[PDB]
Amino acid sequence: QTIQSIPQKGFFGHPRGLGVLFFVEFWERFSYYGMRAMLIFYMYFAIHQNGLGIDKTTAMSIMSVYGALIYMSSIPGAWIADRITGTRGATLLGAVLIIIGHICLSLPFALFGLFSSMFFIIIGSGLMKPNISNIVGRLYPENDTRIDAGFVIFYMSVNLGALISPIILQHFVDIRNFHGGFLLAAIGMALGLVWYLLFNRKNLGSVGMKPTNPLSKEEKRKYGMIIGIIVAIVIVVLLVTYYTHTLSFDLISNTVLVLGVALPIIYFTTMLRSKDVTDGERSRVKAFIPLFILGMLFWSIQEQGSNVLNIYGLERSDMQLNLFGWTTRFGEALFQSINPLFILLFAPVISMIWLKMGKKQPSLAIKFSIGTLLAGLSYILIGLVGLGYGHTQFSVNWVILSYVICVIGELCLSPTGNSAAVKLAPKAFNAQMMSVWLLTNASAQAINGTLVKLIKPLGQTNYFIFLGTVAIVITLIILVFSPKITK
Ligand SMILES: NCC(=O)CCC(=O)O
């Protein structure tokens with residue numbers, strides 16, 4: 001028994017190990033969202049401002065493609081833990097790779113430093129993200145009802161790190177000390193790794209020390225050749241295009257765009273064509289197709305707050321917060337703190353609205369439709385402000401109001417999708433259903449990598465109105481099938 005080897009109390013009424021992983025996940029998410037908040041400005045700011053001087057659209061595309069690959073890397077990363085290392089080994093290995101990637105950005109390696117950093121953080125996040133979360137659930141016995149509250153505490157560390165790191169790193173953006181700020185994130189991640197190394201054995205015991213489905217001798221040869229050949233094809237294609245001077249980021253963004261649209265098709269088709277899925281379960285998988293489209297439309301607009309809305313605010317607004325006499329300069333990195341702050345303050349509030357309803361509360365489709373409509377309206381709001389003011393500089397309050405309307409939509413959509421990924425999941429395809437709910441974000445980010453290229457031809461203001469309209473009309477179309485989709 002893995003439960004007999006660990007403490008069952010010790011961290012606010014939950015296993016002591018939830019305390020070790022809260023500290024690790026806080027420091028890892030602190031360094032991730034800190035690095036991310038700075039990265040967009042580090043890329044497109046001029047060389048004389050200590051940036052890389054990359055074209056605005058290419059910097060926006062790198063941000064969205066980087067985010068897509070982090071979520072896609074969870075899929076092979078969960079597999080490596082399930083079949084090769086176990087969840088403990090993948091977490092430790094993944095954490096070490098994330099540290100290397102942050103150190104890559106602290107060094108004066110310009111573009112080599114940027115892409116080698118992304119490479120290490122993509123692989124490391126894939127190995128750490130799904131497996132640290134798996135260990136949290138395995139700390140609880142089969143019939144223990146504390147598990148849901150345990151994850152509510154676990155995901156507080158995620159939003160706490162996301163809130164605090166842009167506030168701390170705004171100083172490094174202001175003085176243009178990008179390397180200094182990226183070293184702070186590397187030191188932040190090092191605290192999380194040292195804490196795991198000091199307290200993982202006595203608090204996590206034997207949980208996750210070995211893979212659940214180990215590979216047989218023949219499978220090590222089979223999967224080794226297939227993976228070996230895929231890693232060999234990617235290396236040569238990138239090397240031949242580099243030395244012939246025909247390698248651009250368009251190669252990476254187009255490959256990831258294909259993966260973003262191909263992966264959801266492969267997963268849905270497998271679950272529908274399987275013989276280990278009942279007629280009742282097959283109808284729920286069919287009913288999650290329009291919900292997947294709504295989730296994708298939601299995450300498309302929400303994730304654009306890290307590379308489109310913030311640059312627009314920095315370039316077109318006054319960047320002067322002004323609320324009931326409280327006026328101060330609004331730092332560009334602090335746009336990334338609005339979303340995690342409102343989740344911390346209003347996630348338990350919206351949770352009590354549904355708990356004081358029970359049967360009165362709306363369906364999964366109505367919650368997914370409310371969320372996508374609010375995300376669509378947030379882009380209509382800022383688009384109409386740009387259209388109304390034109391060349392005139394408007395208040396940063398309008399940009400903040402856009403982020404606030406989008407986070408309110410996330411409070412309706414994000415928890416519903418987590419519950420849908422487990423309730424609508426077939427008995428044999430639980431891990432595959434967690435991948436489709438995860439892919440609503442990855443697919444949206446893969447589309448965003450190419451969707452940002454429409455900003456120059458359409459214009460930044462029309463781009464916001466077009467996306468917001470597309471999101472609302474498709475939501476209202478899917479909303480006419482709300483009684484049908486409820487199965
Ligand atoms: N759970 C993490 C978030 O939702 C925050 C992301 C953001 O800074 O926009």
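In this chain, numbering begins with 1 at the start of the sequence shown. Just so you know, these numbers use all the heavy atoms, side chains as well, and skip hydrogens, waters and symmetry mates.
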Worksheet item: Would a 4.5 Å heavy-atom cut-off, applied to side chains only, mark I338 and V404 as touching?
Response: yes

Fill in: Aromatic ring pairing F151/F154, orientation class (parallel under 30°, perpendicular over 60°, tilted between)
perpendicular

Discussion item. Strictly distance-based, threshold 3.5 Å: is any side-chain N or O of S157 a donor or acceptor partner for the main-chain N or O of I153?
Written reply: no

Worksheet entry | Atom pair CG/CD1 of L97 and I122 - distance to nearest 0.5 Å | 12.0 Å

Item to complete: Answer yes or no: does atom CE of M43 have more than 12 heavy-atom neighbours from other residues, nucleotides or ligands under 6.0 Å?
Response: yes

Output side-chain donor-acceptor pairs under 3.5 Å for residues 474-487, partner residues at least two apart or in another chain, one line each.
residue, atom, partner, partner atom, Å
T475, OG1, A471, O, 2.7
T486, OG1, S482, O, 3.3
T486, OG1, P483, O, 2.7

Worksheet item: For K453, does the NZ atom have more than 12 heavy-atom neighbours from other residues, nucleotides or ligands under 6.0 Å away?
Response: yes

Discussion item. When you compare the side chain of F298 with that of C406, does any pair of heavy atoms fall below 4.5 Å?
Written reply: yes

Discussion item. Surrounding CH2 of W398 (heavy atoms of other residues, nucleotides or ligands, distance under 6.0 Å), is the total greater than 12?
Written reply: no

Discussion item. Working note: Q302 + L413, criterion side chain to side chain contact (heavy atoms under 4.5 Å, CB included); need CA distance, chi angles, decisive distance, verdict.
Written reply: CA-CA 11 Å; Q302 193 280 326; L413 198 135; over 6 Å; no

Worksheet item: Any side-chain heavy atom of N310 within less than 4.5 Å of one from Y403?
Response: yes

Discussion item. Can a donor-acceptor pair be found, under 3.5 Å and without considering hydrogens, that links the side chain of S31 to the backbone of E28?
Written reply: yes

Practice prompt. Might you work through the side chain to side chain contact (heavy atoms under 4.5 Å, CB included) test for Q170 and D174, ending with a clear yes or no?
Written response: CA-CA 6 Å; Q170 180 52 46; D174 291 331; 2.8 Å; yes

Worksheet item: At what distance, to the nearest 0.5 angstrom, does CG of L127 lie from OG1 of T91?
Response: 8.5 Å

Practice prompt. Would you check, one step at a time, whether the test side chain to side chain contact (heavy atoms under 4.5 Å, CB included) holds for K56 with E315?
Written response: CA-CA 12 Å; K56 221 186 85 181; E315 293 178 351; 3.3 Å; yes

Worksheet entry | Verdict with supporting geometry, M35 and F182, side chain to side chain contact (heavy atoms under 4.5 Å, CB included) | CA-CA 6 Å; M35 173 278 297; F182 294 132; 4.1 Å; yes

Item to complete: Return the orientation label for the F30 and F26 ring planes: parallel under 30°, perpendicular over 60°, tilted otherwise.
Response: tilted

Practice prompt. Output yes when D55 and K456 qualify as a salt bridge under the 4.0 Å nitrogen-oxygen rule, no when they do not.
Written response: no

Fill in: From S306, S300, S61, residue fulfilling side-chain hydrogen bond (donor to acceptor under 3.5 Å, both in side chains) relative to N448
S300

Worksheet item: According to the interplanar angle, ranging from 0 to 90°, do the rings of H179 and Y42 count as parallel (below 30°), tilted (30 to 60°) or perpendicular (above 60°)?
Response: perpendicular

Worksheet item: Is the backbone of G101 close enough, under 3.5 Å, to the side chain of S117 for a donor and an acceptor to pair up by distance?
Response: yes

Worksheet item: Can you tell me if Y155 and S133 form a side-chain donor-acceptor pair at under 3.5 Å?
Response: yes

Discussion item. In terms of relative ring orientation, are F178 and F45 parallel, tilted or perpendicular, with 30° and 60° separating the classes?
Written reply: perpendicular

Fill in: Donor on one side chain, acceptor on other, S64 and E303, under 3.5 Å
no

Worksheet item: Are the side chain of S337 and the backbone N or O of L163 linked by a donor-acceptor pair below 3.5 Å?
Response: yes

Practice prompt. Check side chain to side chain contact (heavy atoms under 4.5 Å, CB included) between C412 and all other residues, then give those that pass, not counting sequence neighbours.
Written response: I370

Worksheet item: Between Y379 and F464, how do the two ring planes meet: parallel, tilted or perpendicular, split at 30° and 60°?
Response: perpendicular

Item to complete: Might you point out which heavy atoms bring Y71 and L438 nearest each other, and give the distance in Å?
Response: O-CD2, 3.3 Å

Discussion item. I'd like to check the side chain to side chain contact (heavy atoms under 4.5 Å, CB included) partners of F466; sequence neighbours left out, ordered by chain and number.
Written reply: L458, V470

Fill in: Side-chain heavy atoms of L451 within contact of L454, under 4.5 Å
yes

Practice prompt. Could you tell me which non-hydrogen atom of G34 sits nearest to which non-hydrogen atom of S165, and how far apart they are?
Written response: N-OG, 3.2 Å

